[PDB]
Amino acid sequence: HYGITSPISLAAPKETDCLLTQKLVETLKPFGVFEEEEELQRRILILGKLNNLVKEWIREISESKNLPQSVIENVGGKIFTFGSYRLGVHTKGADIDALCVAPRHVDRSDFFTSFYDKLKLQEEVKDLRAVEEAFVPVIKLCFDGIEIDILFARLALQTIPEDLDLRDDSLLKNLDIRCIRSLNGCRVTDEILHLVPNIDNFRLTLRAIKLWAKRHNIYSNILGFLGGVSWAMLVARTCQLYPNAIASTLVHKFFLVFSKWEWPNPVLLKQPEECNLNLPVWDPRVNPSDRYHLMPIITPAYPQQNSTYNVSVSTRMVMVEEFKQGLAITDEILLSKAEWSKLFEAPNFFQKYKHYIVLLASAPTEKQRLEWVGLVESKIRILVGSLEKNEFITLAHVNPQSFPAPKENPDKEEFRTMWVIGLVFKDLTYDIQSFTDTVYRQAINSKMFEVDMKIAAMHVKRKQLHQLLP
């Protein structure tokens, strides 16, 4: 079997489950979780073009280096997709994450020079932008309407074989960290796909779980909840425990298993192996720092990492309760006492808590609003953190989805966004003011602050939350 433990059950579905699974599929369609076939075809064609461009570019580099016409004919090179698109659960509007793999004689500087310029002159390319200095260097672009994220890695091979498998740990041998980092995404996705007993059953279940998570305000890695990869690993673990089950049963078991999971026990998809390389590896036995993590979900490819180290007491507590409510609803569905539509109902967040904090961010232009909001979102856990230190707080629940905030100046156009944070109690002006000052200070010291960029927060009872949003 798959996984580090024996499965819970090997039982196959009954015709009863088959019909329940078909109903799940019908309930999901209206939400747009299934991309249209025509769009899927368009994306396939886009990838074919990119792949040929990569091959063409590498051939040119090979020739310009007077390499023997011997190698030139077989240097190869290709694009490897990873992430949501590769797992097949991407939704309308999602980008395509791809890794350009080239032989050793192709340098990173070439990727950002000759390849970049090749893309620049393609008719289908718009908004071409390079981010060479990021943790993971990338070239971003809009290709025929589809957003593409392209990473780069030059392997210690003279030629790139078509059957090259990136899961081989030896490939990381003494490579620059930028290359190692650029390879992790493809390796994690490929590992996941080879760690579940049935890919189709796994896929449908994940589509369901991701929609459920978003609809229940717990979808966001940045804010301390779970991101796409983390949800995929939890679904994968569930699949390993019920190898012959189909989607309707797997969705139900997903809530059974995780609502009862004993955190901080880690979620592992396979047994980790020890590798000589000196890369960061999550392991509480040898790293005391990892012992503090509250809800560990470990990536399966070396070097393994905790995909959810941002989880705090508040977010974990919120998600545990959501898993329990999810289980209850699926129990009803299995008894035909409720429809799948009830599981995807997005409760009114603006009513589940007695107290809230409203966070406002604004800028002089729409362009600056976008940049500002990104910066502020990355700091919100600082406020949550300080709130958890407050003797009167049980938890703070940040609704990951922000939205346009009401007007303030009726005479001029405004570019303002807002977040709503739910609170649970066992004066918050000092903690809020302290967080406000910190955001301004860090932004300014980072050279990422523009005049007139504002941020303000207020505490308000549920009843008065009414008079502060459309």
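Note that residue numbering begins at 1 and tracks the sequence as displayed.
Coordinates are lacking for 10 or more deposited residues between residue 426 and residue 427. As listed in the deposited structure, the average C-alpha B-factor of 169 to 177 and of 147 to 155 is greater for 169 to 177. Between 387 to 395 and 96 to 104, it is 387 to 395 that carries the larger average Cα temperature factor according to the deposited entry. Sorting 88, 137, 224, 364 by the CA temperature factor given in the entry leaves 364 at the top. When the Cα B-factors of 328, 277, 213, 239 are read from the PDB record, 277 comes out highest. In the deposited entry, the Cα temperature factor of residue 65 places it in the highest third of its chain's modelled residues. Per the PDB record, residue ranking by Cα B-factor puts residue 40 in the lowest third of the chain. The entry lists a Cα temperature factor for residue 122 that places it in the middle third of the chain's modelled residues. Sort the chain's modelled residues by C-alpha temperature factor and residue 404 lands in the highest third, per the entry. The entry lists a Cα temperature factor for residue 322 that places it in the lowest third of the chain's modelled residues.
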